[PDB]
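Below are the chains, spelled out letter by letter.
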Amino acid sequence: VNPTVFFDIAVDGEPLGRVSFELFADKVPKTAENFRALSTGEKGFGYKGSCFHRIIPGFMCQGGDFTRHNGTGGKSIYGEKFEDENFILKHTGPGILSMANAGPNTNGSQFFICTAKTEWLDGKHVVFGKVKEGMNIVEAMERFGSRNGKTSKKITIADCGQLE
Ligand SMILES: CC[C@H]1C[C@H](C)[C@@]2(NC1=O)O[C@@H](C[C@H](O)[C@@H](C)CC/C=C/C=C(\C)[C@@H]1C/C=C/C=C/[C@H](O)[C@H](C)[C@@H](O)[C@@H](CCC(C)=O)C(=O)N[C@@H](C(C)C)C(=O)N[C@@H](Cc3cccc(O)c3)C(=O)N3CCC[C@H](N3)C(=O)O1)[C@H](C)[C@H](O)[C@@H]2C
């Protein structure tokens, strides 16, 4: 069965709520496994304690840099970077979970959650999951973003792990 992972989001240390994701291990197993493992922290590093460094209202929320914490870092469980698995899934609407990158075959740990349909990204970013529960929490996170993506408050992943 496709795994389920959760993020407990905090704003300036205050609990905001929980967002759960279904990871499409059936279509993009390598990419899904990377995100799952980084969520549990089983490899010794991962998302817990990292922040969402770029939030653009009406577009997406981006995070995952747990190494440099300034938007340029992150790494995968397979090494520094890994290849684009496939582009079977599309950015069809709000709740889509997809990989950020710096060009072809540069996936690390950074990801983004879409809050709208984003067709232009199809074929450039690997879609590997979707919000299962807590879309209202993602919508609340958008309130702290801006055009440039800079956040007004510190939005962190206070806790994370695998549910199912
Ligand atoms: C008139 C406004 C316009 C835009 C707004 C936002 C809007 N509509 C609009 O009409 O967008 C639309 C959606 C658009 O149609 C979309 C789908 C297409 C147009 C794309 C817009 C993209 C953006 C506004 C932002 C711009 C951010 C640029 C950031 C640049 C960084 O300086 C640079 C990327 C840097 O951080 C380097 C550092 C390298 C190093 C080792 O030092 C880098 O490569 N960083 C990577 C990390 C993973 C390492 C990174 O962050 N990569 C980005 C690259 C990227 C940049 C732009 C477009 C891409 O497809 C991809 C990345 O993967 N993401 C994830 C996807 C979004 C993107 N950031 C982003 O923030 O994209 C939505 C539906 C809605 O209507 C809103 C209002």
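Residues numbered from 1 in each chain as written, not as in the entry; some residues may be left out. Heavy atoms only, no water.

Before going further, it helps to examine the site of the ligand. By nearness alone, 18 residues border the ligand, and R54, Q62, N101, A102 and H125 come closest of all. One nitrogen or oxygen atom from the side chain of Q62 is found 3.0 Å from an oxygen atom belonging to the ligand. In this structure, an oxygen atom belonging to the ligand sits 2.7 Å away from a side-chain N or O atom of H125. Taken by itself the ligand offers 1,300 Å² of open surface, and the protein chains cover 50% of this. Of all elements in the fold, only β3 (54-56) and β4 (60-63) reach the threshold of two or more residues within the shell around the ligand. (Near = heavy atom within 4 Å. Polar contact = N/O pair within 3.5 Å; in protein donor to acceptor, adjacent residues only side chain to side chain. Areas by Shrake-Rupley, 256 points an atom, 1.4 Å probe, with all protein chains shown as cover. Helix = DSSP H or I, 4+ residues; strand = E, 2+ residues; numbered from the N terminus.)

In terms of nonpolar packing, the biggest core is built from 32 residues, with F7, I9, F21, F35, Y47, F52 and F111 touching the most fellow members. Elements that contribute at least two residues to this core include exactly β1 (4-11), β2 (14-23), α1 (29-40), β5 (96-99), β6 (111-114), β7 (127-133), α2 (135-141) and β8 (155-162). Aside from chain neighbours lying at most four places away, what touches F52 is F7, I9, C61, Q62, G63, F111, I113, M141, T151, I155 and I157. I56, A100, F112 and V127 belong to the second largest nonpolar core, which has eight residues in total. (Core = buried A, V, L, I, M, F, W, Y, C linked by side-chain atoms within 4.5 Å. Buried < 20%, exposed > 50% of the residue type's maximum accessible area, 1.4 Å probe, protein only. Contact = heavy atoms within 4.5 Å.)

All we've got here are geometric facts, nothing functional implied.
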